[PDB]
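Before any questions on binding or motion, here is one chain by itself as structure tokens, the form deposited in one PDB entry.
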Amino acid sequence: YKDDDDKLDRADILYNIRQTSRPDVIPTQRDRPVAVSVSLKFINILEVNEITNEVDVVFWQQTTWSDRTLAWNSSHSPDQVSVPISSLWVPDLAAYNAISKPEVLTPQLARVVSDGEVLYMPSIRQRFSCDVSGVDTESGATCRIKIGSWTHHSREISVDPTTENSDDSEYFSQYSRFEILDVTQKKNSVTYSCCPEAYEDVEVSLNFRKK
């Protein structure tokens, strides 16, 4: 703050974050799962198949977590900096019903806050297999997207689904063939017969309609 556009300060913070960050290791502070907070803000619904139950969409994946080893006294340093994600540890998030690669359309940077929180918001385009039934009714279709960690169980990573549907058309495209009805993010946990340990995910329920 104040002296925020201090280039030397910024260089040093980044040097520090690199001396300290370990990108392949989960920043479990203590014992608790890393609380990974995830929220999708959709931008567009591009392609929709009534027949094959497949949607093409574009969403901003608002993602956050803390690694307080990264932290620093921002008394006379800047409050945040931007850091290429290849430098930081990043939750290994994935969509379990994804049917195409997550396509990132944005620079792969993240903000680190002086308190050790990281804000990561990539713009993603991706296809899913989900219920497209009734997309032309006016109760609308409801497409459910499941996202959590691919390899870290619940005692290692937990998903917080805190989200608001009020600001939703601050994000969505005025020019879509579709319109958003509601977005519902519910936290739940999934186990698997083969395997111990429950994996936290957020279930993002996308309610939408052809205009």
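The first residue of the shown sequence is 1; numbering continues from there. The term rigid core refers to the most C-alpha atoms you can superpose between the two forms while keeping them within 1.5 Å. Residues that one form lacks are left out of the comparison.
Same protein, other form: the form deposited in another entry, not shown, and the subject of what follows.
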* Asked: Considering only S66, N165, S173, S37, which residue exhibits a C-alpha shift of no less than 2 Å between the shown form and the other one, with the rigid core used for superposition?
  -> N165
* Superpose the two forms on their rigid core, then report whether the C-alpha of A198 is displaced by 2 angstroms or more between the shown form and the other one. => yes
* Structure fact -> Relative to the shown structure, Cα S129 and Cα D167 in that other deposited form (3 Å or more change) are closer
* Direction of C-alpha distance change in that other deposited form, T191 to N97 (at least 3 Å) -> farther
* Asked: Mind listing the moving segments between the shown form and the other one, meaning three or more residues in a row, each Cα shifted 2 angstroms or more, core aligned?
  -> 164-167, 189-199
